[PDB]
Structures are given as C-alpha cells and as structure tokens.
Amino acid sequence: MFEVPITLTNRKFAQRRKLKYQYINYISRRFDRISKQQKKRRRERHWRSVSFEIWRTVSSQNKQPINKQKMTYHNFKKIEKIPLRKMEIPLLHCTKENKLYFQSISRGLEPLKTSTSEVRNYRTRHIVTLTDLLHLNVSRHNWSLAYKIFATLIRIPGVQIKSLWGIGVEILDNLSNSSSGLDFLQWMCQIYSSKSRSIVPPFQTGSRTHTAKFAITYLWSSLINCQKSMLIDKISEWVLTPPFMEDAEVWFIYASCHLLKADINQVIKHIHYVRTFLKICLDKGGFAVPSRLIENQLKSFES
Amino acid sequence: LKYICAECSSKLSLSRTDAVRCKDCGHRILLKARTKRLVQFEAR
Amino acid sequence: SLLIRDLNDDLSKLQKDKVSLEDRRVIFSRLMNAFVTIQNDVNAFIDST
Amino acid sequence: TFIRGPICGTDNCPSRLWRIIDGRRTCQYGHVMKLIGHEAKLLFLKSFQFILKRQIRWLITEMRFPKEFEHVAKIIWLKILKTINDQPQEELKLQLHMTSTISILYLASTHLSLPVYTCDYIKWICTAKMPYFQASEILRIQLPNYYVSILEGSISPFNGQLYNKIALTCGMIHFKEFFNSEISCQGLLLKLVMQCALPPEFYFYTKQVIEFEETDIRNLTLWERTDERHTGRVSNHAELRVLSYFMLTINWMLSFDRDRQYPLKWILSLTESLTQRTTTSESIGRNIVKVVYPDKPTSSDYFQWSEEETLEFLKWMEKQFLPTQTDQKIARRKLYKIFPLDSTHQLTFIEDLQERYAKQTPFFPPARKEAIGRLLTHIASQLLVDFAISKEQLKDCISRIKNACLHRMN
Amino acid sequence: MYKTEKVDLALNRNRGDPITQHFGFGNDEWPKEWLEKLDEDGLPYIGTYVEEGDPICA
Ligand SMILES: [Zn+2]
Ligand SMILES: [Zn+2]
C-alpha cells in the first residue's frame, strides 16, 4: 500500500497513456478550434510548465481576472461528439480492458485499481514486497529490521538510489554502528556532484540546477552537529569547496561556523568574519533572524 | 603446495581470491615454500 | 583582501546623510580589525616575529 | 631500456626515450640530450534445452530427485522436439515459454508417480531457488529479440497457466499409451491435512469422497487443441478436483456431525492455529509467493506482515536473487560496501502438522456455520496462493464438482 | 648481513577500503623477464639473486 521503488510493469499502462493523451489532443484541439505514438504523448504532455526558513512560494497578485461559463451541455457534447469516434478507430486495435479503460476515463469515471494493484512481476513483485517492507518498517520505528530491508534491497541489481532519505533518517535513528547519516550524505554529494523524464520529481534530482532536499538537509543538520559543539572547518571546508553559487544557505552555514568558532584577537577575526558573511548572505533569498539578535550574541561576545 | 602455516605447519596452497589463512588453524600468517629451479654459483 | 574590498563596498553605501551615526563606530571596529590582522600576517612573514 | 614517452628530440626519429639515472635521456639511434536470422530455431531450442537440464541439475542435486527423471525428461522433451521438428514452417509457430519447462518437469514427475505437485513447483520457482525468471540469467548468448521475447513472455503460471500448459503438452504428445498420467493422489491428501491442522480422519474422509465420485481414476489431458471451451472443462485437472473434494468434505463432514464429534469451539481453535502467522520455512515461502500473486487481497497480506517472515524473506532475497538477470562496478562494490548491508529454532513440517493435530485433540448453535465458513475461506486462501489459481477458478471447480456430487447423490 | 623490508600495498587505502592491488599477475601484457625473479603469486622465489632494479614483487 506504499509506493514501489521500481519502474512500473509496462505494456498496458503505456498503450493506455496513448489512448488517453491522443483523445486529450483531439478534444483540446477542437476546443481551440471553437475558441477561434510515444511522441504524440510527448508533445502533448510537453507544452506545459513542466520566523523560520520557509522557501516561500509565489502568492496571488498580478493574475488575470475571470472567465464566465464556457460549457453548456449542448456545447460540450458539440466538442466531444467527433473526437470520440476518431478514438473509435484505434480503440479497435487496443485490448478490451484497455478499451474499457478508455471508455470509463472518457466518461469521467476513475479506475478502481492502481498500476501496482494490477502489476504481477516475479523478481519485480518480490522487489515490490521488499521495498514495501522497507517503507513499512521505517514507518514503524523498526530501524533494525528496516536496516536489514535496506541493505538487502540496495544489494539487488535493479535499484538506483532514491532510497537515500530512507537511509539518512535510518542510520540517523539507528545510532547503532555504521558510518553514519552524515557520512552517507557527504558520500552522496561527493559521488554525485560530477559528470563522472519519468522517475524524477524534486526530492531526487540532478546537479545542473538545484539538487535540493538531501543537500540542504545535510547542511543544516551538520550545523546542528555543531549545536552538539556549543569538524566545523571540515564541513565549511567542503561547503567552501563547491561552486553552486545560488545558495546563501551555505553563507548562513558559513557564518554559523564562525559564530560557533567564536563560541583573543583571533576570536575577534572570527566575529568580524561572521559579521561579513551575514551580509554576503543578505546577498540572496534571505535567511533572517531579526539578526540584531545575531549581533546581540556578537556583543555578548564583544564582552 | 607453495605455502606453509606459521603456527601448525600444515603445507597448503592458495588460489585467486582465496582465504589468506590456514585451512586447519585459521591462523592468518603463511610462509612461502620454494621449488625446483636453477640458480648458478661460482665456487669461490 | 577580498574581505576588506567588501567592507569598503558597504561603507560607500552610506549616505549616511540620513543616516544614524553609530554605525560609524562599528564600521571603524571592522576596519581596525582588518588592518591589524593584515599587518600581523605581513609582520609574521618578515616575519613570524 | 624503455619509456616510450617523450618521442625523441631529434627530427629524424622520433625514437624512443629511455632515461638513464645520469640524466642523459637516450633515444635508440643514439642522441643523448551480429545475431542469427530466421534459423535461430536451433539456438532458441539450445538455450531452452540448456535451461531445462540446468533446472534438472538443481532438482536432483538440491531437491534429491532420482536420476531417472532426467531420462523421462529426454523422452518427453524428445517427443515434443520431434513433433516441432516434424513441423515445416520457417514461421516458427512454437511456444517454448517457461510454462513448457515446468510442463515437462511436472509431466515426467507425474509419470514417475513422485509425490510432487504443482504447488511444489510454484513455490520452488517463486522463491528463486529453482532458476526460472530469466533468459540465460545475468552473467551468455545474444539471440534475435523475437525469441528473447518468446522466452521472457508468458512467464507467469499464476492463473492456472501451468495446468493449462501441462494439459496442452499432454495433447502435444499423447499421455495415454506413452505415459502413465495418474496423479500421486494420496500424498496430496497427506500434504493437505498437514497443510491445515486437520486430524488424520480427514485424510480418509476426503479419500472416501474421492472414491465416491471417481473410484480413483485421474487423468492429465484436457486437450482439444484450441482456445475454445465453455462447459464440462473447468474441472478436469485432477488436482483442482482433489482440492474441491477436500473443501467439500470439510464442509459436509463438519456441518453434519450429528454425532457432535467436532466441537463448535475446535473449529474456531483450528481457524486460529491456522491463522497465527509464524515464521517457518513454509509460511515464509507462502509469503514470497503472495508477493507475485496477481490479485488483491494477497498483496494486502504482505501489508499485514511479521518481522521474522520479512527477515527470512530478505534472507531468501540475498540467497536466491543472486539468480538475478542482467572500474566503476567494483567502485560501487566498495562504494556500497561503504555503508553496511547487514538449538535450531523453527520446526519441521510433521512437527507443525503434529502440533495442530494436537491443538484440535479435544475431539472426544447455528452460528457455528460461521466457523465452518471462515475456516473454509482461510483454507481456500492458502490453496489459491499455493496452487497459483484464481478465486473464481477454484470456486468454479468446487461449485461444478459439488453439483457433480449432489447429482450422483440425489 | 641481513636486511628485512616490508612491502605493504594497503599503505594508500583509506581504512578497510575496497582493495585495489592484489599480489599476482594480471592478464594484460607485461615483460615476462619478470618470471625469472618472481613466482606465480607475484612473490620472489626463495634463493634468487637480486641486484638493483630487479623485481622483488608483482
Ligand atoms: Zn594452521
Ligand atoms: Zn633521435
């Protein structure tokens, strides 16, 4: 009952995607007329936009006023009447279940059964159960079992690593042995920061433009591994290392390394240092304490 | 039988990626042993 | 050097024709800091003494 | 004395630099400064036959079969090989799907009267023990993708595809004169009583209803080569009828113990001892099969799984999914080996069988029909996953043969 | 006079790391004069005369 970490068993789902986006094309085409193939699916899905540190959204202003009803019964069935027969042609080529699916989604009914729920694969079905038990155990705080699941899973030759947050929070709550969550994360960044589609939303990403979740979370969580303190010049040595200039969050990580190292004229230079990086962190999309609070800690230091 | 166990003295041989240890003892320290081959000397 | 070139950048983005005096004290504080430590690094080279 | 590098600093070479320790560097002259087409029938049948003998190797070796099986297999695979090479067309028209491998294995086993049944095969292959789910598994040969598809396709046995393919082979070469296609019935009864926790009287009960409708004559062909069928022939794979009689027997027997030999309670306690998910090799296996069974609920069943079952599962995963399919590689063996992959307890088969036979050993009012029903439906569930058929398939059969007992009783 | 030298090709590896270098010969093309000093394991035959530049290890 959880997402599976495998490419979905194929044929019928793809030919259904065909029927769907093809009919979609015919209806929206005739709709723009009245307002006047993997590749067909491709163009179709294509022409469309593809007090705490909230990476805020884009709110409501500068957006256009209105519309008033476009679609009566007669007018809609006008748009619908013809593209449904065009569909009658290749429906004759697809399978009866697929045809039924086309009939029902085109009535507007939504199918009872998931792609997983109708999938049936023998190595893949076993991997489905494996991954499932991983997610279930991780939900169940069963970090021991869950760890066994994870190791046995990553063993298998089919799994590339979405599963990393599983192991980040996994080894995190594990505390047991193995070179830990931080080690894993900095490994992720060291292996996958160099040249050395379906599956991919944002929580796993490529390093052309922002790889987000895992990077920022090892960043902050490492600054909290300095909350353990009051290793740092290491963390900001390899936060110093990378150029991926649209961060600023590593500027606040940097200035936090200088506030943690500031806890004699050396300590002075560290306090002037954090004073600098807080403004070169006003460079970008701001992470702000009132920051006169930051400075007030810095005057408790100036003591 | 190229090697010898340093602890139990059992003569034994290895292979490609094999347990670098005595198959009897489990001691992990092995002495090399040496084979019919021509070395030439001058008797002086 | 880079760090002072930044202090010098924020320093010019005064008027303070408006602009409330005291920052004058803090800017000086940062400048003294920079001069002292560069002067130290030079001394150390000519001179670690 | 070589290093090749630094050509030669003399434009009538460049001939080839070795450095002496004295740093002259010296150059030789002496300055010192694809797949087959249209008859890959032969290769196809070779990867197929090779995969078969591979599986036989695993079952004499790892399952302690008899060596005679192999000869029985050369005979059956020989008969149908001779029949597909008594066929002309360059258009292949053969279907050597994996169901044919398992089909001739079961066929041969059943001639030899060995007490192995289809559910043994389903378990064996779904637990990756017996290699199955691949063409020449990841390690072989590059064939026309038309035949790799003729292998990878039709892989599942899980809607009775196995019963249908063994009957189909049983037509392809004839069961009757050539072989002895009587199933090993009574061992299936034992397997079944022990598979529940039924007291040993039900072996003789169901054995008797068996004798009552059949007088114990059980065939293998359901063949009239086609697709087409619509009456009489949901129920003539012997096994499925055995399970049908078994179910029926339990229902009748328990609902008409006017003696009151079987307590209103012990049917519940039987249901609960049957239901308690416990971690033996078997139940762990049935979980592994539950994972690749087509229909819900059985996947909701993986949802409701116990930590030891999952553990022995990952065990069987690292053991029998080394039977997987299809520099930087060792860099990922060390790379993954950077973070850890991570008096004999559980009991044997006749031990479990004994202990539920005892769990009911207290042997010596209309809502007990409920207990009968839930027990029958749990037993059904186990049979459905174990014998790779459908809910609707099973109940079609036991319905038909139940009317087949009422008809020869009324 | 006797001298003992220790050859330890785990000298570079970062602690319990994957092992890059294994005593023995590969299947690429290498001198062959090497087998005059070295046995199949990549260790030198006992008794061998060895002067500056010779192999003592492969
Ligand atoms: Zn020894
Ligand atoms: Zn030259």
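Here Swiss-Prot sets the residue numbers for chain D, with the shown residues being 3-35, 94-199, 204-390, 405-420, 432-453, 469-514 in order.
When the header is checked for method, it gives electron microscopy, 7.7 Å.
Just so you know, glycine gets a Cβ as well, placed from its N, Cα and C.
All protein chains shown were included, and the count of other CB atoms within 10 Å of the CB of D:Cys15 (Zn(2+) binding site) stands at 14. The feature Zn(2+) binding site is assigned by Swiss-Prot to D:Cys10, D:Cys15, D:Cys29, D:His33, with a curator's inference given as support.
Secondary structure counts, DSSP: the region 'C-terminal cyclin fold' (D:211-320) has 60 helix, 0 strand, 50 coil. According to Swiss-Prot, the region 'C-terminal cyclin fold' annotation covers D:211-320.
Checked against ligand 1, the binding-site residues D:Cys10, D:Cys15, D:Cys29, D:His33 give no residue with a Cβ under 6 Å from it. Long-range Cβ contacts of D:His33 (Zn(2+) binding site) within its own chain (separation 6+, distance under 8 Å): D:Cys10, D:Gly11, D:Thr12, D:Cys15. Counting Cβ atoms from all protein chains shown, D:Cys29 (Zn(2+) binding site) has 19 others lying within 10 Å of its own Cβ. Within 8 Å of the Cβ centroid of the Zn(2+) site, not counting the listed residues D:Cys10, D:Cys15, D:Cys29, D:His33, the chain contributes D:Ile9, D:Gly11, D:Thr12, D:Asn14, D:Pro16, D:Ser17, D:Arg18, D:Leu19, D:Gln30, D:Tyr31. For D:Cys10 (Zn(2+) binding site), the Cβ neighbour count at a 10 Å cut-off comes to 18, with all displayed protein chains included.
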